[PDB]
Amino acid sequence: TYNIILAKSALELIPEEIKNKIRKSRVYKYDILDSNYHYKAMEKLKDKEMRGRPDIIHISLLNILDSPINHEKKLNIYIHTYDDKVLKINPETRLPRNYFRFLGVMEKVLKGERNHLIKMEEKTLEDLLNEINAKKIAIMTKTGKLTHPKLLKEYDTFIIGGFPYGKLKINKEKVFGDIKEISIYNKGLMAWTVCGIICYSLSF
């Protein structure tokens, strides 16, 4: 089995520090931060540029869940979020293709309501890696060593930033497994594209 982790993911309930600037509307009734609707209220939010993008997770998970490697039951799928929650995604999850329906599902999960296909825990990325016994970890970043996707099969765990901008920071001294920074392309790609490339590298 392989672990795929979308980490520091821009999928959060509205931060306490800006709750007073954001109200539910008919246009967007969800308690999930989305910079398409909430940009001005995020003005003074820490790391604002890498937060409030649930759509990245939506499209990435649509790719992952429908991949041949996932149909073969060879993936364990995790969303680690900016505020250290971990969602474990059952391989047979039928994720709504409608963005707002996706938000409705995720909102309930993040508020601690039981979902039999998506399990939520408070958990750091480093703690997740150790708990799943990750040993050979590939951290995906454009700044990494350029690797033909053919070699990705040598790793047990893949980490992709679930955010638009910046670089994934991890405390390697808190992680038991070995971490290698890997690039699969000379250009910055979107998280869903990287997830897709990894997934199809594993089948083909």
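Numbering starts at 1 and follows the sequence shown.
Higher mean CA temperature factor between 112-120 and 73-81: 112-120, per the PDB entry. Higher mean CA temperature factor between 50-58 and 169-177: 169-177, per the PDB entry. Of all the options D34, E43, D31, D66, the entry's greatest CA B-factor is assigned to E43. In the deposited entry, the Cα temperature factor of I160 places it in the lowest third of its chain's modelled residues. Placement of the Cα temperature factor of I22 within the chain: highest third of the modelled residues, per the deposited record. Sorting the modelled residues of the chain by their CA temperature factor places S9 in the lowest third. The entry lists a Cα temperature factor for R94 that places it in the highest third of the chain's modelled residues. Ranked by Cα temperature factor within the chain, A191 sits in the lowest third according to the deposited record.
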